[PDB]
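An overview of the molecular structure
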Amino acid sequence: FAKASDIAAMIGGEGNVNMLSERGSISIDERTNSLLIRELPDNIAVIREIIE
Amino acid sequence: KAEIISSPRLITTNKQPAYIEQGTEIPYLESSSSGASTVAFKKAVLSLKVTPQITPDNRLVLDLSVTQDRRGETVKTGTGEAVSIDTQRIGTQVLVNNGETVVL
């Protein structure tokens, strides 16, 4: 129901101060409308709940 | 009385941009960069330009451009002349069920 590029630009983005991350990272897969995230297994759950 | 109908079609892959066109390209006198003229081409086409996206509950989100332009009269510009264009354009984003029609 939403574009993955917009969501990746909102969750991550310019600089690390804005990012909701510490020392991981989002990537986009446009072919299948998906995000690929690498972070602490505790931040994955809150990110998942918000973007759901 | 008068009545006209036109309908283009396309097939494409999900999340992938596609276009189909039919018309003319008008050569215009000059395009300006830092110093000189790259004379260019304006389009007067009947065109469809689309990017689709499939969602879970049997629905599509479409990013749509549909145009139908023609070549118009030749107006006067400076000491010269040039060709004008007559246009109809619509651009939107809509959300439509799988196999039915909507009026944009």
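Under the PDB entry, the name given to chain B is Type IV pilus secretin PilQ family protein, and the organism recorded is Vibrio cholerae. The deposited PDB record carries the title "Single particle cryoEM structure of V. cholerae Type IV competence pilus secretin PilQ".

Within the PDB entry, the label attached to chain A reads Type IV pilus secretin PilQ family protein, and the organism entered is Vibrio cholerae.

**Details of the overall build of chain A**
Helix and strand counts for chain A stand at 2 helices and 2 strands. Reading the secondary structure of chain A in the N-to-C direction produces α-β-β-α. In terms of overall dimensions, chain A is globule-like: its C-alpha atoms have a radius of gyration of 11 Å, near the 10 Å expected for 52 residues. With the C-alpha coordinates aligned to their principal axes, the bounding extent of chain A is approximately 25 × 20 × 15 Å. At a minimum sequence separation of 6, the contacts of chain A that also span at least 24 residues come to 34%.

**Digging into the interface of chain B and chain A**
Taken together, the contacts link 8 residues of chain B with 6 residues of chain A. Of the roughly 620 Å² buried where chain B meets chain A, counting both sides, 45% is carbon and sulfur surface. Viewed at the interface, chain A and chain B are joined by 1 salt bridge. Among the ionic pairs, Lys 15 of chain B bridges to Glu 30 of chain A, the shortest N-O distance being 3.9 Å. Where chain B packs against chain A, one counts 0 residue pairs in polar contact.

**Things to note about the pattern of salt bridges**
Residue and element names in this part refer to chain B. By the definition in use, this model includes 4 salt bridges over all chains. With a shortest N-O distance of 3.5 Å, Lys 43 and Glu 21 are connected by a salt bridge. Remark: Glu 21 occurs in the loop between β1 (18-20) and β2 (23-28) and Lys 43 occurs in strand β3 (residues 40-55); sequence separation between them is 22 residues. According to the relative accessible area criterion, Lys 43 is partly exposed, its value standing at 41%.

**So, unusual backbone geometry**
All names here are of chain B. At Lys 15, a position not held by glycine, the phi torsion is positive, near 70°. Examined against the element boundaries, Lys 15 turns out to sit in the segment before β1. Phi at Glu 30 takes a positive value of approximately 85°, unusual for a residue other than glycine. Inspection of the secondary structure assignment puts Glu 30 in the loop between β2 and β3.

What counts as what
Residues numbered from 1 in each chain as written, not as in the entry; some residues may be left out. Chains lettered and ligands numbered in written order. Part of a larger assembly, values for the part shown. Heavy atoms only, no water. Residues with missing side-chain atoms left out of burial classes, pairs and counts. Helix = DSSP H or I, 4+ residues; strand = E, 2+ residues; numbered from the N terminus. Rg over C-alpha atoms; globule rule 2.2 N^0.38 Å. Contact = heavy atoms within 4.5 Å. Buried area = accessible area lost by both parts, 1.4 Å probe. Salt bridge = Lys/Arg side-chain N within 4 Å of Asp/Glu carboxyl O. Polar contact = N/O pair within 3.5 Å; in protein donor to acceptor, adjacent residues only side chain to side chain. Buried < 20%, exposed > 50% of the residue type's maximum accessible area, 1.4 Å probe, protein only.

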